[PDB]
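Below is upload28.txt, holding compact mmCIF, C-alpha atoms.
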```txt
# COMPACT_ATOMS: atom_id res chain seq x y z
CA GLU Z 3 8.41 -6.63 -8.92
CA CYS Z 4 7.54 -3.02 -9.75
CA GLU Z 5 7.51 -1.14 -13.05
CA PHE Z 6 8.17 2.54 -13.76
CA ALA Z 7 6.53 4.52 -16.57
CA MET Z 8 5.66 8.11 -17.38
CA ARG Z 9 1.90 8.34 -17.84
CA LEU Z 10 -0.98 10.73 -18.47
CA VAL Z 11 -3.63 10.73 -15.73
CA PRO Z 12 -7.25 12.03 -16.16
CA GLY Z 13 -6.65 15.20 -14.14
CA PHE Z 14 -3.53 16.10 -16.14
CA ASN Z 15 -4.62 15.46 -19.75
CA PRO Z 16 -4.36 18.41 -19.99
CA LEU Z 17 -3.74 20.17 -16.66
CA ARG Z 18 -5.60 23.47 -16.20
CA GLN Z 19 -4.35 26.10 -13.72
CA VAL Z 20 -6.26 29.31 -12.93
CA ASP Z 21 -4.87 32.33 -11.07
CA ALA Z 22 -6.72 35.33 -9.67
CA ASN Z 23 -8.21 37.56 -12.38
CA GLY Z 24 -9.35 34.25 -13.91
CA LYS Z 25 -6.42 33.71 -16.28
CA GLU Z 26 -5.75 30.05 -17.06
CA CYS Z 27 -2.84 28.03 -18.43
CA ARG Z 28 -3.23 24.51 -19.80
CA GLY Z 29 -0.88 21.73 -20.79
CA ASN Z 30 -0.18 18.01 -20.63
CA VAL Z 31 1.76 16.92 -17.54
CA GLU Z 32 3.37 13.49 -17.52
CA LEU Z 33 3.35 11.88 -14.08
CA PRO Z 34 5.62 9.13 -12.70
CA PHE Z 35 3.65 5.89 -12.50
CA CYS Z 36 4.68 2.84 -10.47
CA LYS Z 37 2.75 -0.39 -10.95
CA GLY Z 38 3.24 -4.06 -10.24
CA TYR Z 39 2.78 -6.95 -7.83
CA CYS Z 40 4.29 -6.43 -4.40
CA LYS Z 41 4.49 -9.42 -2.08
CA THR Z 42 1.99 -8.95 0.75
CA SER Z 43 0.62 -11.02 3.60
CA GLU Z 44 -1.77 -11.06 6.54
CA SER Z 45 -1.38 -13.36 9.53
CA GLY Z 46 -2.73 -13.77 13.02
CA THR Z 47 -0.58 -12.88 16.02
CA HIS Z 48 -0.84 -12.89 19.80
CA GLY Z 49 -2.26 -9.98 21.80
CA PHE Z 50 -3.29 -6.67 20.22
CA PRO Z 51 -3.65 -5.98 17.34
CA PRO Z 52 -4.62 -9.61 16.61
CA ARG Z 53 -3.62 -9.19 12.95
CA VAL Z 54 -0.31 -8.41 11.23
CA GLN Z 55 -0.32 -7.00 7.69
CA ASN Z 56 2.72 -6.85 5.46
CA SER Z 57 0.88 -4.51 3.10
CA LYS Z 58 2.95 -2.84 0.39
CA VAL Z 59 2.34 -0.94 -2.85
CA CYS Z 60 4.54 0.04 -5.79
CA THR Z 61 5.81 3.51 -4.84
CA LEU Z 62 8.14 5.91 -6.64
CA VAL Z 63 11.64 6.34 -5.23
CA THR Z 64 11.73 10.14 -5.23
CA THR Z 65 15.16 11.48 -6.20
CA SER Z 66 14.44 15.00 -7.54
CA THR Z 67 11.73 17.53 -8.46
CA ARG Z 68 10.67 18.38 -12.02
CA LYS Z 69 9.44 21.82 -13.12
CA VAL Z 70 6.92 21.03 -15.88
CA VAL Z 71 6.06 24.12 -17.93
CA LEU Z 72 2.48 24.74 -19.09
CA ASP Z 73 2.47 26.23 -22.60
CA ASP Z 74 -1.10 27.13 -23.69
CA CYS Z 75 -1.72 30.21 -21.55
CA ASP Z 76 -4.36 32.92 -21.54
CA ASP Z 77 -3.19 36.46 -22.31
CA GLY Z 78 -1.57 37.89 -19.18
CA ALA Z 79 -1.28 34.94 -16.79
CA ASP Z 80 0.69 34.85 -13.55
CA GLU Z 81 3.94 32.91 -13.69
CA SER Z 82 2.88 30.82 -10.67
CA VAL Z 83 0.37 29.00 -12.89
CA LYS Z 84 2.86 28.58 -15.76
CA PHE Z 85 4.63 25.67 -14.02
CA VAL Z 86 4.04 22.64 -11.81
CA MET Z 87 6.48 21.00 -9.39
CA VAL Z 88 6.23 17.21 -9.65
CA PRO Z 89 8.27 14.72 -7.59
CA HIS Z 90 10.56 12.77 -9.89
CA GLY Z 91 12.55 9.55 -9.87
CA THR Z 92 13.52 6.68 -12.14
CA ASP Z 93 12.75 3.57 -10.07
CA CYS Z 94 9.96 1.99 -8.05
CA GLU Z 95 10.04 0.04 -4.80
CA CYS Z 96 7.52 -1.70 -2.57
CA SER Z 97 6.51 0.53 0.33
CA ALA Z 98 3.69 1.10 2.81
CA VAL Z 99 4.08 4.90 3.03
CA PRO Z 100 1.22 5.55 0.54
CA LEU Z 101 -0.94 3.39 2.81
CA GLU Z 102 0.00 5.53 5.81
CA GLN Z 103 -1.15 8.95 4.55
CA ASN S 6 -3.12 -11.80 -8.69
CA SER S 7 -2.51 -14.80 -6.41
CA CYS S 8 -3.27 -14.70 -2.67
CA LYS S 9 -3.09 -18.17 -1.12
CA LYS S 10 -3.75 -19.82 2.23
CA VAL S 11 -0.54 -21.13 3.82
CA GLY S 12 -0.25 -23.51 6.75
CA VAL S 13 2.06 -22.49 9.58
CA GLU S 14 3.40 -24.53 12.46
CA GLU S 15 4.45 -22.19 15.26
CA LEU S 16 6.61 -23.21 18.21
CA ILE S 17 6.08 -21.56 21.60
CA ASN S 18 9.29 -22.00 23.61
CA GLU S 19 8.94 -19.61 26.55
CA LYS S 20 10.92 -20.06 29.76
CA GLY S 21 8.67 -21.58 32.43
CA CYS S 22 5.97 -22.94 30.11
CA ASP S 23 5.81 -26.20 28.19
CA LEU S 24 6.78 -26.15 24.52
CA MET S 25 3.70 -26.00 22.31
CA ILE S 26 3.25 -26.32 18.54
CA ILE S 27 0.26 -24.42 17.12
CA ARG S 28 -0.96 -24.97 13.56
CA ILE S 29 -2.73 -21.97 11.99
CA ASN S 30 -3.27 -20.47 8.55
CA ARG S 31 -1.99 -17.20 7.08
CA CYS S 32 -2.44 -15.42 3.76
CA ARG S 33 0.48 -14.83 1.42
CA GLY S 34 0.40 -13.56 -2.13
CA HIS S 35 0.94 -10.93 -4.80
CA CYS S 36 -1.77 -8.49 -5.87
CA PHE S 37 -1.65 -5.67 -8.42
CA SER S 38 -1.12 -2.09 -7.27
CA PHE S 39 -0.36 1.27 -8.84
CA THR S 40 0.57 4.63 -7.33
CA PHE S 41 1.54 8.07 -8.58
CA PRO S 42 2.36 11.41 -6.90
CA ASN S 43 -0.51 13.83 -7.44
CA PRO S 44 0.82 17.41 -7.11
CA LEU S 45 -2.70 18.84 -7.39
CA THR S 46 -3.80 17.12 -4.18
CA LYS S 47 -0.12 17.10 -3.09
CA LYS S 48 -0.41 13.46 -2.01
CA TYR S 49 -0.02 9.91 -3.27
CA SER S 50 -2.78 8.52 -5.46
CA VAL S 51 -3.02 4.80 -4.68
CA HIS S 52 -5.14 2.15 -6.36
CA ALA S 53 -4.05 -1.01 -4.65
CA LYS S 54 -5.00 -4.56 -3.69
CA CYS S 55 -3.33 -6.54 -0.89
CA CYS S 56 -3.41 -10.23 -0.01
CA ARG S 57 -5.60 -10.44 3.10
CA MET S 58 -7.66 -12.96 5.05
CA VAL S 59 -11.31 -12.20 4.37
CA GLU S 60 -12.57 -14.70 6.95
CA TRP S 61 -10.82 -16.36 9.88
CA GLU S 62 -11.49 -18.52 12.92
CA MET S 63 -10.22 -18.02 16.46
CA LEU S 64 -7.87 -20.76 17.66
CA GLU S 65 -7.74 -21.09 21.45
CA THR S 66 -5.14 -23.07 23.37
CA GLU S 67 -3.99 -23.52 26.95
CA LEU S 68 -0.30 -22.85 27.64
CA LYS S 69 0.94 -24.90 30.61
CA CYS S 70 3.19 -22.47 32.48
CA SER S 71 4.81 -23.32 35.80
CA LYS S 72 3.50 -20.17 37.53
CA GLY S 73 -0.01 -20.27 36.04
CA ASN S 74 -1.54 -21.48 32.78
CA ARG S 75 -2.31 -18.90 30.09
CA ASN S 76 -5.09 -18.93 27.48
CA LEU S 77 -3.90 -17.97 23.97
CA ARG S 78 -5.93 -16.70 21.00
CA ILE S 79 -4.78 -16.66 17.37
CA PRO S 80 -6.74 -15.80 14.20
CA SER S 81 -6.34 -18.52 11.57
CA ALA S 82 -7.26 -17.77 7.96
CA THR S 83 -10.10 -19.59 6.22
CA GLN S 84 -10.27 -17.60 2.96
CA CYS S 85 -7.37 -15.64 1.45
CA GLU S 86 -8.06 -13.08 -1.26
CA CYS S 87 -6.77 -9.92 -2.91
CA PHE S 88 -8.81 -7.08 -1.38
CA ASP S 89 -8.43 -3.40 -0.53
CA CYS S 90 -5.35 -2.82 1.61
CA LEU S 91 -7.06 -0.09 3.65
CA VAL S 92 -10.30 -1.97 4.42
```
Structure re-expressed in structure tokens:
Amino acid sequence: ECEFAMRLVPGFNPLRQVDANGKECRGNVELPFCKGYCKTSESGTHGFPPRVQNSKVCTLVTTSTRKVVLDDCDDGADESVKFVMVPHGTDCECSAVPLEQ
Amino acid sequence: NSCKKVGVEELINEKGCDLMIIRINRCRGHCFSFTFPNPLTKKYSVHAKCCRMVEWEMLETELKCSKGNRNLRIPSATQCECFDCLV
């Protein structure tokens, strides 16, 4: 139903991070990508709301957090911009939580 | 991507009122979606389609209850399509 893959996304090919004093670190950051065809539906009901949506999207099952290190750094950069914390997992599932936020 | 119109018979069996079968339409299908955690915006990035009824008609019926008849309203699909989940 869903499919997991590590993928490069426009904003992170490469990712640029700038601290105060203007020092920047750059580097590719793979992101966890869930894609596929969830089973969804919309139907009429009684009362309010008059509609019922089983709306679902392919979401990552988060099981850990990855510290991705950015390599290409300007001379004298803060360590806070030398890494990124990315939610990590290995599987996808159909879920409506992305629709909530 | 396949979102289809599906016929539904629906039985109303409430204590006091006569049993009533109502035939309406609902959408059911599978549309493509993709989602990834964006740690820059610290949120989910979603690009997703859901199977939804674009157009519908109201179906009105009288429910013969012993202590007063009730007037029911149900949307019934007329076109089912893959469209934005959040619209």
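For the pair CA of residue 8 in chain S and CA of residue 93 in chain Z, the interatomic distance is 25.4 Å.
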Proximity of chain Z to chain S: per-residue shortest pair, 7 Å limit, only C-alpha atoms, as a Markdown table:
```
| residue | atom | partner | partner_atom | distance |
| --- | --- | --- | --- | --- |
| Z:33 | CA | S:41 | CA | 6.9 |
| Z:34 | CA | S:41 | CA | 5.9 |
| Z:35 | CA | S:41 | CA | 5.0 |
| Z:36 | CA | S:40 | CA | 5.5 |
| Z:37 | CA | S:39 | CA | 4.1 |
| Z:38 | CA | S:37 | CA | 5.5 |
| Z:39 | CA | S:37 | CA | 4.6 |
| Z:40 | CA | S:35 | CA | 5.6 |
| Z:41 | CA | S:35 | CA | 4.7 |
| Z:42 | CA | S:56 | CA | 5.6 |
| Z:43 | CA | S:33 | CA | 4.4 |
| Z:44 | CA | S:57 | CA | 5.2 |
| Z:45 | CA | S:31 | CA | 4.6 |
| Z:46 | CA | S:80 | CA | 4.6 |
| Z:47 | CA | S:79 | CA | 5.8 |
| Z:48 | CA | S:79 | CA | 6.0 |
| Z:52 | CA | S:80 | CA | 7.0 |
| Z:57 | CA | S:55 | CA | 6.1 |
| Z:59 | CA | S:38 | CA | 5.7 |
| Z:60 | CA | S:39 | CA | 5.9 |
| Z:61 | CA | S:40 | CA | 5.9 |
| Z:88 | CA | S:44 | CA | 6.0 |
| Z:89 | CA | S:42 | CA | 6.8 |
| Z:100 | CA | S:49 | CA | 5.9 |
```
List as a VMD selection string the protein and nucleic acid residues near residue 18 in chain Z, meaning an atom at most 8 Å away when all atoms listed in the file are counted, but skip any in the same chain fewer than 6 places from it. chain Z and resid 26 to 29
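Neighbouring residues of residue 73 in chain Z at 12 Å or closer, counting only C-alpha atoms and skipping chain neighbours under 2 positions away, are residues 16, 17, 18, 19, 26, 27, 28, 29, 30, 31, 70, 71, 75, 76, 77, 79, 81, 83, 84, 85 and 86 of chain Z.
Reported to one decimal place, the separation of CA of residue 28 in chain S from CA of residue 15 in chain S is 6.3 Å.
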Using only C-alpha atoms, pick whichever of S:92, S:68, S:27, S:16 has the shortest atom-to-atom distance to residue 55 in chain Z. S:92
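As for CA of residue 6 in chain Z and CA of residue 94 in chain Z, they are spaced 6.0 Å apart.
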Any idea what's packed within 8 Å of residue 21 in chain S, counting all atoms listed in the file, ignoring anything in its chain fewer than 6 positions away? Could you give it as a ChimeraX atom specification? /S:70-72
